[PDB]
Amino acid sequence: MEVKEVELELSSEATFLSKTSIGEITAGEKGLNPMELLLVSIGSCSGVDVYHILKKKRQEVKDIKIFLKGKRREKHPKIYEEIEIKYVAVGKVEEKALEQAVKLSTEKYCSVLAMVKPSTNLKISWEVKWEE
């Protein structure tokens, strides 16, 4: 069971210098938004799975763009009632390969998404931009 550790300390009012094993960022009221960072966590987690699965399936990836949109509820805790995630793969990629990669990532591999799925409605879509 691998262990992940991060440490935060105030850098300014309600704002934290956040230290991870390989880099620091500023998050809080006067830094990056915590809920936006959650979408970044989800997106990169899944994006990494997708990139690896596509390469394993021997597809030629020129780029992968991921768009995430979270709709927050009105009452506290203001969680995302739903998150829309759109994956776009550019290069020589079969749409069925992208489909399998996205399904494996969202249903099995991406850990961040697995942790939030029970609390939100996910709306996933994908498409390929064929290019030599």
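In case it trips you up, residue 1 is the first one in the sequence shown, and so on.
Between 40-48 and 56-64, the higher mean Cα B-factor belongs to 56-64.
Higher mean CA temperature factor between 120-128 and 8-16: 120-128, per the PDB entry. Among all modelled residues in its chain, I25 ranks in the lowest third by Cα B-factor. In this PDB entry, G70 carries a Cα temperature factor that places it within the middle third of its chain's modelled residues.
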